[PDB]
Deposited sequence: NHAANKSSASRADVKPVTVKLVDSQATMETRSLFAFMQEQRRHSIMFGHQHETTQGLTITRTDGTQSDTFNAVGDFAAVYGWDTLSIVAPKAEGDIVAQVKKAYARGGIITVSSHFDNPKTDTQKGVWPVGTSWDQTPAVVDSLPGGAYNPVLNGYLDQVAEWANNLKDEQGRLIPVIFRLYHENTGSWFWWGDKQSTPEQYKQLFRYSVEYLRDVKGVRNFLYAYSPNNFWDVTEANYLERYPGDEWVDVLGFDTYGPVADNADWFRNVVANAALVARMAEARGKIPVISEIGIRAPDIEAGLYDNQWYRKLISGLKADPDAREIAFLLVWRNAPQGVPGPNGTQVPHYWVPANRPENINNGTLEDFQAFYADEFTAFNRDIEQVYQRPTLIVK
């Protein structure tokens, strides 16, 4: 593979981090990688959470290509447990790692007791009071300090840093998180994102991150709408979105998935970014009611790859018998356009400028 030039948010990012970006730039027009949250640490069919097993592997004989985790495994109290070992196992497999922020509420996190008080889901506006000048800026900085120390020590067997796609303040166009759209003006949200990237990169010297932005799906699918809370080309490497749909009567929702994917794909080409579907799944009520769509994955891949823009996403990441759902996923795996962990190669040693 020949040298390419890449422009990242972190102009001093490691060679492997630059290569990851270059890899996705090429790969994304030849496949869509499959990603899964908690791939080797949570599952219905796994007997070890040490990073050696996954539901994906037990279903189709390979791991997800993209491994998703979150800061509940990094920032105290680390309720999901550490993931250093599991990240290293995934990287050793040539996998791609992405971590999303799920920060506690900096304004209320000492008040924890009755869920959701003090967590991401505590809707108490905390953006204004967590920026520099705000009373709770030191609390946010504590979270960012722990993310940075984690990233700065996240090393492979040769002592080299492991690249991570770090996805900040997701689903920010809704109001269920403290960084949401009822909790901040667009400018205040942009400041929260930018401040956090700058703190990690410049104050704490993180060199192994690509930065991802991921609002919810828009129903009015326009660039202007995506741009309202967009942190800016100087601050984002990866353009994503999050979408959760109905188990039944979901043709409209699937068209909307494709439309949003097409939008970020077109914007990504214009702006030198990687377009992705950062999170996709079925809304939580439908899954807890035991409902299922045994054509879900086949609809997903068929809709995406038929669309000339949506097909150019680098990956989609899904977040959590006899009903036909296993066969559906096996078909998705067998599809020529999906890529699982063994289907990707030469991710991290591509020469860049």
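Colleague: If a residue lacks a C-alpha atom here, it counts as unmodelled; so which stretches of the deposited sequence fall into that category?
Modeller: Seq positions lacking coordinates: 1 to 13, 334 to 359, 393 to 395.
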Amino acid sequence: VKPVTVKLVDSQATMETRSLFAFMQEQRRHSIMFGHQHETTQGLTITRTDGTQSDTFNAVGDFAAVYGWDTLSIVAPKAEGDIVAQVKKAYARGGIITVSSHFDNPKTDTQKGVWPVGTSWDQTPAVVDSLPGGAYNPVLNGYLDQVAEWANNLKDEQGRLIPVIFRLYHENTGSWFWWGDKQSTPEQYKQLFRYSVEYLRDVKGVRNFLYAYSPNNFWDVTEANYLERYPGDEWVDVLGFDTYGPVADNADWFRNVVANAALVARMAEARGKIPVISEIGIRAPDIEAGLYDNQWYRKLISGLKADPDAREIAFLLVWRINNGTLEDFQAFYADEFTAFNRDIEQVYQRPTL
From here on, numbers count along this sequence of modelled residues.
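Colleague: For the stretches 241 to 249 and 129 to 137, which has the higher mean C-alpha B-factor as given in the deposited record?
Modeller: The stretch with the larger mean CA B-factor is 241 to 249.
Colleague: If you average the CA temperature factors as listed in the entry, which stretch comes out higher, 189 to 197 or 77 to 85?
Modeller: Between 189 to 197 and 77 to 85, it is 77 to 85 that shows the higher mean C-alpha B-factor.
Colleague: Could you check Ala310, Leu317, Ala65, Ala284 and tell me which one carries the biggest Cα B-factor in the deposited entry?
Modeller: Each of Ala310, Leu317, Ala65, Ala284 was compared by C-alpha B-factor; the highest is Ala284.
Colleague: In terms of CA temperature factor as recorded, identify the highest of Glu279, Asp109, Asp156, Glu234.
Modeller: In this record, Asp156 carries the highest C-alpha B-factor of the candidates.
Colleague: Check where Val164 lands among this chain's C-alpha B-factors and tell me if it's the lowest, middle or highest third.
Modeller: Bottom third by C-alpha B-factor.
Colleague: When the modelled residues of the chain are sorted by Cα temperature factor, does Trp176 land in the lowest, middle or highest third?
Modeller: According to the entry, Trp176 has a C-alpha B-factor in the chain's middle third.
Colleague: Quick check for you: using the entry's CA B-factors within this chain, is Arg266 in the lowest, middle or highest third?
Modeller: Middle third of the chain for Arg266's C-alpha B-factor.
Colleague: Thinking about Cα B factors across the chain, which third does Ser31 belong to?
Modeller: As the PDB entry reports it, the C-alpha B-factor of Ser31 lands in the lowest third of its chain.
Colleague: For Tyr226, does the deposited CA B-factor place it in the lowest, middle or highest third of the chain?
Modeller: According to the entry, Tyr226 has a C-alpha B-factor in the chain's middle third.
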